[PDB]
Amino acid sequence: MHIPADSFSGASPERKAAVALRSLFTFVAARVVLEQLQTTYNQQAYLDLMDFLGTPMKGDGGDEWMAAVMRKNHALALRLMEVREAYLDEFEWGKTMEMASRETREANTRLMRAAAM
């Protein structure tokens, strides 16, 4: 029997980061779809997306925002949902980890060198 890796957390920096990532993916999806867009239905989708991009995602991973988009333009919301889910397989989280780690070490080294005698 396979016992699955622990992937649960309550209030934690990991949860904070996870929700921030979810909002990032929703934003990325909006940008991807905007480029796709830039029929009469497609012109309206473009107008709607531009309107909705004018307002910030609440810090809930983009879901209040997405529900609002769906109320106005279901076809557009379906496309944004598809793209943000597809993006999960494209986002190079390992690279994010490498940069965050390497650049912390580099920043600490720079600061320590600057003050060193």
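One rule holds for the numbers: they count along the sequence shown, beginning at 1.
Undergrad: Our gap detector needs a label for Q43 to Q44. Which class matches the unmodelled residues of the deposited sequence there: none, 1 to 3, 4 to 9, or 10 or more?
TA: The entry has no unmodelled residues between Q43 and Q44.
Undergrad: What stretch has the higher average Cα B-factor here, 50-58 or 81-89?
TA: Higher mean C-alpha B-factor: 50-58.
Undergrad: Check the entry's C-alpha temperature factors for 106-114 and 3-11, then say which stretch has the higher mean.
TA: Here the higher of the two C-alpha B-factor means belongs to 3-11.
Undergrad: Sort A68, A30, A75, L37 by C-alpha B-factor from the entry and give me just the highest.
TA: Top of the list by C-alpha B-factor: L37.
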